[PDB]
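One structure is given here, and the rest of the page talks about it.
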Amino acid sequence: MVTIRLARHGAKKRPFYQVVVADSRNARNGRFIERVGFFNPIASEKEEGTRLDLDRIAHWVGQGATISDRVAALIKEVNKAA
Amino acid sequence: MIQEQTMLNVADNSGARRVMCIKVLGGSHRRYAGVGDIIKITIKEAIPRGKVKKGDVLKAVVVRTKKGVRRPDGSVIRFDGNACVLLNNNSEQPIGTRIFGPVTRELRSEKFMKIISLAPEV
Amino acid sequence: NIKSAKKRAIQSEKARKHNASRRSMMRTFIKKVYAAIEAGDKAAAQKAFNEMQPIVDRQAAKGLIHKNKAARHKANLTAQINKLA
Amino acid sequence: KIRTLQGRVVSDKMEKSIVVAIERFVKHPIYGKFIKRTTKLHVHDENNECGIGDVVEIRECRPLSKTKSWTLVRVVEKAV
RNA sequence: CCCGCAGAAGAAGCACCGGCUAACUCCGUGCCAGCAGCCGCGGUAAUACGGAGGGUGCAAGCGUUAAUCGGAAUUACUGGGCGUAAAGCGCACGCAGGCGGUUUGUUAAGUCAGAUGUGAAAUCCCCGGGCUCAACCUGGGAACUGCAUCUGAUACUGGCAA
RNA sequence: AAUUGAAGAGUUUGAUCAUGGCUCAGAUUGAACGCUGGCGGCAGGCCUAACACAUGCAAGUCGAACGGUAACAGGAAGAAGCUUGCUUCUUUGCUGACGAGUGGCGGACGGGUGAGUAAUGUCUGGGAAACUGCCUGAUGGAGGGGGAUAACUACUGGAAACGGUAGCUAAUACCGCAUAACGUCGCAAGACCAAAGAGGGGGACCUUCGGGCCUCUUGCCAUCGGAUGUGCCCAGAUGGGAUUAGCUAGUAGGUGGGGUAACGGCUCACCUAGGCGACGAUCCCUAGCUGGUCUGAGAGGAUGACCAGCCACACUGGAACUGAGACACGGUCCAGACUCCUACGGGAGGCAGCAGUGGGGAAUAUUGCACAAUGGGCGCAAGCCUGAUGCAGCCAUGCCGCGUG
Ligand SMILES: [Mg+2]
Ligand SMILES: [Mg+2]
Ligand SMILES: [Mg+2]
Ligand SMILES: [Mg+2]
Ligand SMILES: [Mg+2]
Ligand SMILES: [Mg+2]
Ligand SMILES: [Mg+2]
Ligand SMILES: [Mg+2]
Ligand SMILES: [Mg+2]
Ligand SMILES: [Mg+2]
Ligand SMILES: [Mg+2]
Ligand SMILES: [Mg+2]
Ligand SMILES: [Mg+2]
Ligand SMILES: [Mg+2]
Ligand SMILES: [Mg+2]
Ligand SMILES: [Mg+2]
Ligand SMILES: [Mg+2]
Ligand SMILES: [Mg+2]
Ligand SMILES: [Mg+2]
Ligand SMILES: [Mg+2]
Ligand SMILES: [Mg+2]
Ligand SMILES: [Mg+2]
Ligand SMILES: [Mg+2]
Ligand SMILES: [Mg+2]
Ligand SMILES: [Mg+2]
Ligand SMILES: [Mg+2]
Ligand SMILES: [Mg+2]
Ligand SMILES: [Mg+2]
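Residue numbers (the deposited numbering), protein chains in the order written: chain AP, 1 to 82; chain BK, 1 to 122; chain AT, 3 to 87; chain AQ, 4 to 83.
Dropping the structure here:
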């Protein structure tokens, strides 16, 4: 079944994840279906640090995708509407 | 029952396929080798990357023969062909590491224990 | 080779024998049908079909011939029998 | 039609085993001159009807044989 | 990452200097020992060998070797040649193939136009953002010069006709 | 805003211009060696022998499917260590838990490699005849029976690997029987197919005090969808050679039978006599393809490590079984090559997973740490597993920064 998860395109000691929808069986940084956000956990308090096209995530969870554990947090941490 | 001119098959991974006996060792004027005796052989034909080349001259112990072997009750074990296992000249002892086809317990010879240990049958 | 799912090896044999028998018995009842068609007996031909239909449909359900494989067989047989029955 | 092909006949002499020539011009990918790159196709035509020299319209069907993935649609012209 | 502590304290090498090519003298040697990417240096004043002083070049690297492309328009499509320098077959006839005067009509394959879809992400590039800088990491664009489908345009080329 | 970028020199001659090779300045490298060598950040690290491999580790998990107790942990009617509340053994699986076994799901992923393959490949663009585990929408299912068996017990053969008898037992193992439509065959009439339970808490009421009953959860069966994955067909493109010009009998097509999840010479029988080929078949040689990488002003030339996609292989040749998926990387079977064990009768094994070793070479690293993160398997969960991964160690191998004042 398809899934929403973090690919780790970071860089030793300063991780920076892509968040992707893909066949759960593939590699954590391998073939995916589409990209649907990102999540810099070193965001720094400056500006940005967790952009996340919700209305797609939506779409796939409609089509049956499961979500990670971390991602699930981020969504319920983006809040949702504000 | 082998003698000079007799061809033999090979019961090991020596690389020799066909050998000839050019001598029956073990006694002046001695005609036959059989059972499990040591013979001197020349190599009539061998595979292309074996432990031995054709034309090589060394010893071997006969381990299978058409004439076979009698046992202390009268029975006989007879083989469809004659086979020997190549040995190194200044040591007897087998040049190969694997043995093929059955052999007889007559080889209980100390120096041929590896030959029984290996080898499928009897 | 040494790893738990040695178990799997011995398992797939239990399975294999199971399916082997039901797989034969099935193609037997299938044979009985093509037999009558080659014979000429339209009745035994229908008689054969009506006893094999369930066991095919049935096997499929159980899943050693899953779906359409059955279908084809019925379809085929049905044509044959009333081709001259 | 989801696309169609034209082409002359080239060979009719075989129980529906019709093969058709197709002709394109193409710019040589290296020296720019335009040359004739021909294509032959093995097409089905039930009850054999075209004849060597006929222009014919053709369409891509599923496999009718190891070789055949095209039936014909219409004929055009004859007695070349 | 931050604060204190001691004391310049632990921390410079390699190739080159005849021309190409940035950098010159002396001593030794004497067609020897030897150098050399190419030219070519060495037989008594060697800026070319070896050493030394000085200098030039690079620096935790520096040289040598190997390897791709470049300069090479030296396989020339863009972008070359064959009288005498490499190169016109000894001559002809001709199949395939390439090319083909001039007119009108038709076709719409080559050609041209538009629309749609597709051209994975990374990479490259532009504008930013984050690690003290940079390498590195990242947002977003741009680009992927391509392919196909549909509809059109008919001057040129191809097809058909006369 | 976003490819807006192009240089020449040395050397045939006494000298010259031309012709023409040789050479040089530049970028680039998974590099090696020689001299030298201070620190850090990111990266790279067997290019050779798809050579051969010692040892550890690289796939398990679920007691909320099942009978269960062998280990250690408690508790227990009751027997006790007794220093009368602190507690010892007989036992008792009573539950916390759990070796072994049955069962379930995963061992088809992740990770390795480039051998074979000039096309069951790859890239581009398309097509019709198919299946699709877990996840998800919809609609109903989930009745009632049966015979087994491992474990275990006894006896017994082996040095070991691992067996032989006889019993004995549970289930989400297995099979009938029912039920059967918007499913399958069928123009129709008709005919035909399925399943499994397990927990959590709970008012009466009460039961053989185990539970019914209520209640929610989770799994189980069927049909049609989705989603994804995969199978298949067409066209173009994707190395070289004529000192290779002819190739082809399942060959090309048809008809029918069979077959596959599916179209199909896929297979067969019979018929037609076709099919390919100088727009390069056949034969031979070499080769995984791509995105892209280097270079070049471009056009090109060269290239396919590291990252991502596809294919292919898993000691060599061949096979199939299980399964939704394999003709299976740490599965099975046969043959082979080769290695290990042995009490000599017989057994066992495959690093192109990680590290490591021998060998080859000019040359390429530690038998490290951790599941903390991310990702994967299983579990309601807690968790367990994870050489994927995240880190660390080694080498100036490269890039970048900095210092040695
Ligand atoms: Mg049929
Ligand atoms: Mg100068
Ligand atoms: Mg010098
Ligand atoms: Mg001097
Ligand atoms: Mg050039
Ligand atoms: Mg010229
Ligand atoms: Mg000349
Ligand atoms: Mg002439
Ligand atoms: Mg004209
Ligand atoms: Mg892209
Ligand atoms: Mg900055
Ligand atoms: Mg015209
Ligand atoms: Mg001169
Ligand atoms: Mg050193
Ligand atoms: Mg257990
Ligand atoms: Mg190869
Ligand atoms: Mg069942
Ligand atoms: Mg029924
Ligand atoms: Mg039941
Ligand atoms: Mg057919
Ligand atoms: Mg150029
Ligand atoms: Mg790798
Ligand atoms: Mg195999
Ligand atoms: Mg199967
Ligand atoms: Mg292995
Ligand atoms: Mg290893
Ligand atoms: Mg060595
Ligand atoms: Mg690793």
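Beta carbons: idealized from backbone N, C-alpha and C, even for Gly.
field: 6 Å CB neighbourhood of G10 of chain AQ in its chain, flanking five on each side removed
entry: Here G10 of chain AQ has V23, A24, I25 as same chain residues with Cβ atoms under 6 Å from its own Cβ, once five neighbours each way along the sequence are excluded.
- request: Within 10 angstroms of the Cβ of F28 of chain AQ, are there 16 or more other Cβ atoms? Answer buried if so, exposed if not.
  value: It is exposed - the Cβ of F28 of chain AQ has fewer than 16 other Cβ atoms within 10 Å.
query: For the beta strand (DSSP E) that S14 of chain AQ lies in, which residues bound it at each end?
result: Where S14 of chain AQ is concerned, the enclosing beta strand (DSSP E) stretches over 11 to 14.
query: DSSP on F31 of chain AT, reduced to helix/strand/coil?
result: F31 of chain AT sits in a helix when the DSSP states are folded into three classes.
query: Straight-line CA distance for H47 of chain AQ to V58 of chain AQ?
result: Taking the straight line joining both Cα atoms gives about 15 Å.
message: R8 of chain AP and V20 of chain AP - do their beta-carbons sit closer together than 8 Å?
response: Not in contact: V20 of chain AP and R8 of chain AP (Cβ atoms no closer than 8 Å).
field: CB-CB length for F39 of chain AP against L6 of chain AP, believed under 8 Å
entry: That belief holds up - the Cβ atoms of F39 of chain AP and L6 of chain AP are roughly 6 Å apart, short of 8 Å.
Buried/exposed call for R78 of chain BK, threshold 16 Cβ in 10 Å: By the beta-carbon neighbour count (other beta carbons within 10 angstroms, threshold 16), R78 of chain BK is exposed.
task: Can you give me the Cβ contacts of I38 of chain BK inside the same chain, cut-off strictly under 6 Å, excluding the 5 residues immediately before and after it?
output: The beta carbon of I38 of chain BK sits closer than 6 Å to the beta carbons of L25, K59, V61 from its chain, once the five residues preceding and following it are set aside; these are given in chain order.
message: Spatial neighbours of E49 of chain AQ within its chain, please: C-beta separation below 6 Å, excluding the five flanking residues on both sides.
response: There are no such residues.
task: Label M54 of chain AT either buried or exposed according to how many other C-beta atoms from any shown protein chain fall within 10 Å of its C-beta, with 16 as the threshold for buried.
output: Per the 10 Å Cβ criterion, buried.
field: Terminal residues of the beta strand (DSSP E) in which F37 of chain AQ lies
entry: Here the beta strand (DSSP E) through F37 of chain AQ covers 37 to 47.
task: Rank BK:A83, BK:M113, BK:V52 by C-alpha distance to the C-alpha of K66 of chain BK and give the top, closest one.
output: The shortest Cα separation from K66 of chain BK among BK:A83, BK:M113, BK:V52 belongs to BK:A83.
- request: Indicate the three-state DSSP secondary structure (helix, strand or coil) for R18 of chain BK in the structure shown.
  value: If DSSP states are grouped into helix, strand and coil, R18 of chain BK belongs with the strands.
message: For a test of the three-state rule: what should DSSP assign to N21 of chain AT, helix, strand or coil?
response: The answer is helix: DSSP assigns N21 of chain AT an H, G or I state.
task: Throw me the rounded Cβ distance for the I41 of chain BK and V52 of chain BK pair, which I believe falls under 8 Å.
output: About 10 Å separates the two Cβ atoms, so there is no contact after all.
message: For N9 of chain BK, list the residues DSSP reports as bridge partners.
response: For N9 of chain BK, the pairing in a beta bridge is given by DSSP as BK:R18, BK:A83.
field: Enclosing alpha helix (DSSP H) for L79 of chain AT [first to last residue]
entry: Looking at the DSSP string, the run of the alpha helix (DSSP H) that includes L79 of chain AT is 71 to 86.
query: Measuring CB to CB, does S14 of chain AQ end up less than 8 Å from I55 of chain AQ?
result: Annotated as proximal: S14 of chain AQ and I55 of chain AQ, with beta-carbon spacing under 8 Å.
message: Taking the beta carbon of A63 of chain AT as the centre, do at least 16 other beta carbons fall within 10 Å, making it buried, or is it exposed?
response: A63 of chain AT comes out exposed.
- prompt: Beta-carbon separation of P102 of chain BK and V122 of chain BK under 8 Å?
  reply: One thing to note: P102 of chain BK has its Cβ within 8 Å of the Cβ of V122 of chain BK.
message: Between which two residues does the beta strand (DSSP E) holding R62 of chain AQ run?
response: According to the DSSP assignment, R62 of chain AQ belongs to the beta strand (DSSP E) that extends over 58 to 68.
message: Whether or not the region 45 to 64 of chain AP and the region 6 to 18 of chain BK are in contact is what I'm after, with contact meaning three or more pairs of Cβ atoms, one per stretch, closer than 8 Å; do they touch?
response: Touching, no.
message: Using C-beta distances below 8 Å, list every residue in its chain close to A73 of chain AP, excluding the 5 sequence neighbours before and after it, in chain order.
response: Contacts found: none.
message: Run through the DSSP bridge pairs and tell me what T3 of chain AP is partnered with.
response: For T3 of chain AP, which the question treats as bridged, DSSP gives the partners AP:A22, AP:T66.
Span of the alpha helix (DSSP H), counted from its first residue to its last, around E53 of chain AT: Taken as a continuous stretch (DSSP letters only), the alpha helix (DSSP H) holding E53 of chain AT covers 44 to 64.
- prompt: Secondary structure at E45 of chain BK, three-state DSSP: helix, strand or coil?
  reply: Note: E45 of chain BK maps to strand in three-state DSSP.
task: Indicate the three-state DSSP secondary structure (helix, strand or coil) for residue 84 of chain AQ in the structure shown.
output: The shown model of chain AQ, from 4 to 83, leaves out residue 84 of chain AQ, and the question about it has no answer.
message: Buried or exposed, going by whether 16 or more other CB atoms sit within 10 Å of the CB of residue 160 of chain BK?
response: Only positions 1 to 122 of chain BK appear in the structure, and residue 160 of chain BK is not among them; the question remains open.
task: Might you give, ordered along the chain, the residues of its own chain that have their beta carbon closer than 7 Å to the beta carbon of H75 of chain AT, omitting 5 neighbours on each side?
output: Result list for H75 of chain AT: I32, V58, in chain order.
task: Could you work out which residue in AP:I75, AP:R70, AP:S68 is closest to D55 of chain AP when comparing CA atoms only?
output: Nearest of AP:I75, AP:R70, AP:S68 to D55 of chain AP, Cα basis: AP:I75.
query: Just the Cα atoms here: how many angstroms apart are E63 of chain AQ and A82 of chain AP?
result: Distance from the CA of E63 of chain AQ to the CA of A82 of chain AP, rounded to the nearest whole angstrom, comes to 54 Å.
field: Among BK:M1, BK:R105, BK:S91, BK:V57, the one whose alpha carbon lies nearest that of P72 of chain BK
entry: Considering only alpha carbons, the answer is BK:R105.
field: C-alpha distance - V78 of chain AQ paired with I38 of chain AQ, whole-angstrom precision
entry: Counting only the Cα atoms, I38 of chain AQ lies some 27 Å from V78 of chain AQ.
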